[PDB]
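Heads up, what comes next is one protein chain in two forms, each shown on its own as structure tokens, labelled structure 1 and structure 2.
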Structure 1
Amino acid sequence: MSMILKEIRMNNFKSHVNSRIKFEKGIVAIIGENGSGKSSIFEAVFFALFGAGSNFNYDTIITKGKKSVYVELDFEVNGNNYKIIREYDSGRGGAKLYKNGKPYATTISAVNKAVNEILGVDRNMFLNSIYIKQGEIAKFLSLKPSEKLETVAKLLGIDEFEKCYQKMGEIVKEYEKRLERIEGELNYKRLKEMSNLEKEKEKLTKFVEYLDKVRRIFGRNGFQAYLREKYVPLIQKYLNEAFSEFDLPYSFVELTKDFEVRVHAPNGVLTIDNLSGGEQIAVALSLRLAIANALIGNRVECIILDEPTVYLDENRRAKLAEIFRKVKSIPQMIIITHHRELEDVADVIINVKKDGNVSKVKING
């Protein structure tokens, strides 16, 4: 799932009446006063791909004067090079999807079920790992521990296994009718040793057994639970490997079985409850980047973070800038702050000014 955003074009999109923006890789960094137009650039990226499902309010994203809304985005995903488009004219729109030049689906519903498999995560698994909205840097840790294992089970590759589970539950269906078949033929069936169909009856039965005992190697209480466990320690490594660069007064950070965060202070353990605004955001950031590293070459995507430096003080901001720079397991991190630090460390430095209600993008470097 190696994903990357090349450029994007948008029309009548909130404050972005009209503008195109080039996405160079590395330390991408949108910047601007309040309301300049920063998040919209990635509200739009997110529209293009997954278009607001329900017949929601389209008076939301359309520039408050206008009538239409056009967005088209360019992104290299898993090597290839795509382009999605979505629009809307008073009441009705549809979505076209080009693949190098050759379109793979051309309908609201077509391009839909197409964009899910060409990325591998639904609309919400998207906001849980690729696009981290303003306000939601800590969201993950705020989850119910089932909800946590649910979203991590997908980001790790464990979901696929649950497929293989319920697959092997259907596959044990065939080699059991087959077995019933033979049982029915062998109906009316010492110095009495076992016949050929009796020998097959047996083999076929010790087969089913083998088959199930493989189903269960795919089970929740099975290999899914080994993989997970063989995964935490590793995530932890990276968590603490980065959390430390913040110079907070704490031994290390335990990462539990069920992805709970436990902050070892000198006399006691503190939970993301006791931590402080700024402190939460640190562990939050450190964990996200942490799992990124953990699957270093298992899946190498890009990331959008919106105001990662929220609540963070003058010391911490810069520590984090130093962390981001140091970060390697992600090719495209575009970051959206209004803060000085992250600027002065940036490959790119995409500037957003807003001329009376209308926003203008002046790409830099």
Structure 2
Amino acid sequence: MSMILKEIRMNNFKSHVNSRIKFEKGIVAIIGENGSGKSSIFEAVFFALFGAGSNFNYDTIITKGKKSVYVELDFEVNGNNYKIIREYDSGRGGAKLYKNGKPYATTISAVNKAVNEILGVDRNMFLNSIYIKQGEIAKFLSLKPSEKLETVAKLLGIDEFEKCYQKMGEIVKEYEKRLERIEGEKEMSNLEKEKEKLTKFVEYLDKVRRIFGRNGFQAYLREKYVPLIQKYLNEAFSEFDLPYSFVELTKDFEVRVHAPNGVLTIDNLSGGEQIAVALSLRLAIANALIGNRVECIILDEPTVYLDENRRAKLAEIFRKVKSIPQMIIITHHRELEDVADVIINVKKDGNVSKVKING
């Protein structure tokens, strides 16, 4: 997983009547007013990857005056160059998916299925791994247990084994169909060998499907992943200068913090300390799979709920981060402009958003 964004164009997308925005590698800072148009850019990225949903109304995302919507997106993943073009004219919609120039998919549902095949992440877990929205930096840690490990698998690159679990269900059940194709069916008896031969083989196939399961090897690999993530989590957490012994991470990825005369959980912490643990944990996971899932990461206003000091120290954290190839951060704060590699300024003339990028 070598995923990096390149550039995106958009027409009549909410406040953006027409905007072309190129991305670069490193610390990318999106700055602007409230309602200037910062988040709309990533609403557009999400629109290009996955089509509009029922909650993602077209009336929600078309420019309230206009009637059409056009968005094309250029990105790279595992070394290949891809380009998506989604449009909606006056009632009809369309989607195109190009790979290194030539087209791969031409219908909307075809593009959707294909995008879900290249990223390995659906609608639900792309907002918990790569595009973290407002406040949800720490939501993943206080989440419901099953949901918590469900997303932990995705940001760890473990979901690649769940895909093998279900696609393995395909094979087990289809080979069983190959048993039913035989069951209904001075020459005789060379099929008694096939009963044991295929039945024991299907028991073997299910016995392998349990290896790829959650509680099988996913939980095991997660166990072997915890210690490293704990050490990195404390290394990055101590940069917040907080008054705690050390940060303990359970096998189930629920966090316990060691105070001198007690032990606290995320339930007790303050919001800003939650955000601290969250960013330090995502950076620990990123530092763990330095080559397995060298993925880009997008943050929408993370320094919110952080004081002046924690904002500064967090910036000095982001400067030392070398595991994430491209991190795009949106902020209304000046504590991150000074540390960024590329500053994308987004102003708004009345109700239309205009972008001035400084290289």
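We call the rigid core the largest set of C-alpha positions that still match within 1.5 Å between the two forms. The first residue in the sequence of structure 1 is number 1, and each one after it adds one.
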Handout entry: Form solved without the DNA - which displayed structure it is
Key = 1
Practice task
Could you check whether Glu180 and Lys83 sit in one rigid part, given that the chain shifts as two rigid parts between structure 1 and structure 2?
Solution key: no
Exercise for the section: Calculate, from C-alpha superpositions, the turn of the smaller rigid part against the larger part between structure 1 and structure 2, rounded to whole degrees. Expected result: 19
Exercise for the section: Give me the C-alpha shift of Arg220 between structure 1 and structure 2, core superposed, in Å. Expected result: 4.1
Problem - Shift in Å of the C-alpha at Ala105 between structure 1 and structure 2 after core superposition - result: 1.2
Exercise for the section: Look at the Cα of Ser251 between structure 1 and structure 2 with the rigid core superposed and state its shift in Å. Expected result: 0.7
